[PDB]
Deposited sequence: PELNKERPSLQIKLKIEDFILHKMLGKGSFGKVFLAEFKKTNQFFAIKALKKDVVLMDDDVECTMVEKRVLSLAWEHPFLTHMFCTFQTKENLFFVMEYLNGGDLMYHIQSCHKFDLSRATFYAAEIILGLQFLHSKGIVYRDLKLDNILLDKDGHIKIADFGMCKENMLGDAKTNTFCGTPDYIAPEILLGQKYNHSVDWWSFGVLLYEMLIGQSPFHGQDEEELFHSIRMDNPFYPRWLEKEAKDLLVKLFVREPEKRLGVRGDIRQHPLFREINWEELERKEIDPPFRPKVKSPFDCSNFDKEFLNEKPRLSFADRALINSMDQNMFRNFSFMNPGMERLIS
């Protein structure tokens, strides 16, 4: 770790803090996630750390997921050395820009879709899709980050039941206590897309209880200036019954909103914008 200069703290993710780090001998910068073994054991999230390592290794395969170069440990901390994406997170951009025009939001939404579908095809349910977790690379393309909450081996008819996720993005099926699958990511995606276009969250509440009631009963507000095909996509995403939700049912890529997108070219980026943790190193 002394081989790196920790210039600044980028933020705190699932677990551990993330720093902008320079590898002294090369001037190359990276984003390092640091975790204190001791609170990792107390919070008994040893496997949660293995999950992230695993998904980050998998992500190497996809252009819209954050990549990891290596992993190493000290006698008190765990470190994930990931690629540095200088564009910042989308939440930040939405806060300063208030909202994105339909074309820009559509472009990010499409790349997010491919990132999610890749994860799902690999038996993974992300469970933490939110603006805060979407970063922009220096080329203008996005990358999903923070995989500490993923659930693997979600293949075939496999379903899971842990209540989790950021409240604003929690799917209704989870709130109603049903065993669930990738359908929850498609709901969070809808919330995320709604936010990029409207600059506000679709479901409100003075507190979490009110928010949950809103997620379960209310219909989001759609401004008169919101394009019809965008409203239609959101409406199909905000279907309570998970088995009737676009993304779970049908082909979200064929929705009119994405009519001008060549998905294959998009993915090719041809469309411009005591011994608990042994062998952990990599």
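Undergrad: How would you write out the unmodelled ranges of the deposited sequence, numbered from 1?
TA: In the chain as deposited, 1-15, 289-326, 336-345 carry no coordinates.
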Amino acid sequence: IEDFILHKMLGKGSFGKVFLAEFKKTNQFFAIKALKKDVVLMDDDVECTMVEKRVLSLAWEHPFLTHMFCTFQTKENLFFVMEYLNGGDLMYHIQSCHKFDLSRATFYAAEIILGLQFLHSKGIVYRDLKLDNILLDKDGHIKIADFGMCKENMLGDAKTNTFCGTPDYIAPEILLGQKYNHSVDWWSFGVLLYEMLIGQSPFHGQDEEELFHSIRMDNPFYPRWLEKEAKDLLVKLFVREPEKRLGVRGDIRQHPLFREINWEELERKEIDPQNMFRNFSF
From here on, numbers count along this sequence of modelled residues.
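Undergrad: Highest mean C-alpha temperature factor of the two stretches 205-213 and 163-171, which is it?
TA: On average, C-alpha B-factors are higher across 205-213.
Undergrad: Which has the higher mean CA temperature factor in the PDB entry, 149-157 or 105-113?
TA: 149-157 has the higher mean C-alpha B-factor.
Undergrad: Reading the B-factor column of the entry, which of 48, 235, 248, 257 has the highest value at its C-alpha atom?
TA: Max CA B-factor in the entry, restricted to 48, 235, 248, 257: 48.
Undergrad: Considering every modelled residue of the chain and its Cα B-factor in the PDB entry, is residue 88 in the lowest, middle or highest third?
TA: CA B-factor rank for residue 88: highest third.
Undergrad: C-alpha B factor of residue 77, ranked within the chain: lowest, middle or highest third?
TA: Highest third.
Undergrad: So where's residue 222 on the chain's Cα temperature factor ranking, which third?
TA: Middle third of the chain for residue 222's C-alpha B-factor.
Undergrad: Residue 239: which third of its chain by C-alpha temperature factor?
TA: According to the entry, residue 239 has a C-alpha B-factor in the chain's middle third.
Undergrad: Taking the chain's C-alpha temperature factors as the reference, tell me which third residue 29 falls into: lowest, middle or highest.
TA: For residue 29, the deposited C-alpha B-factor lands in the middle third.
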